[PDB]
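S.K.: What follows is a structure written as structure tokens; I'll ask about it next.
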Amino acid sequence: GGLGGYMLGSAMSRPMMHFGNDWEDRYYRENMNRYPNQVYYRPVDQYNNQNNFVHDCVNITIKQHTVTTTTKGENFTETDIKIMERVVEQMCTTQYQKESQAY
């Protein structure tokens, strides 16, 4: 992620997400193309519970996406970070589910 050990998953379909209010739903519809469609992570063998994996997958993926987006001149607000937190969490979850069923 700038220092080693993370791997990049295949791209996943962006989910329909409902955020519980009109303004965030509209915001989401308009801004969702700006958020990742793939996750960075560390091998599944290296975590105790899916909970950690997910937590880690999320901060690292988002932080790296933030460096590549920022270099390009545009910035994420706190709302961006919040939403990104949720959707990257679901995607990391699908990723854990997928990598662990390696049997």
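Along the chain as shown, residues are numbered 1 onward.
Using N, Cα and C of the backbone, Cβ positions are placed for all residues, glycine too.
What Swiss-Prot records for this protein is below:
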DISULFID  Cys57-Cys92  disulfide bond
CARBOHYD  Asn59  N-linked glycosylation site
CARBOHYD  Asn75  N-linked glycosylation site
S.K.: Could you round the CA separation between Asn75 (N-linked glycosylation site) and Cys57 (disulfide bond) to a whole angstrom and send it over?
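M.R.: The Cα atom of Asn75 (N-linked glycosylation site) is 21 Å away from the Cα atom of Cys57 (disulfide bond).
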S.K.: Give me the Cα-Cα distance between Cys92 (disulfide bond) and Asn59 (N-linked glycosylation site), rounded to a whole Å.
M.R.: 11
S.K.: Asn59, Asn75: which of these glycosylation sites has the highest Cβ count within 10 Å of its own Cβ?
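M.R.: Selected residue: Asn59.
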S.K.: 10 Å Cβ neighbour count around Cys92 (disulfide bond)?
M.R.: 23
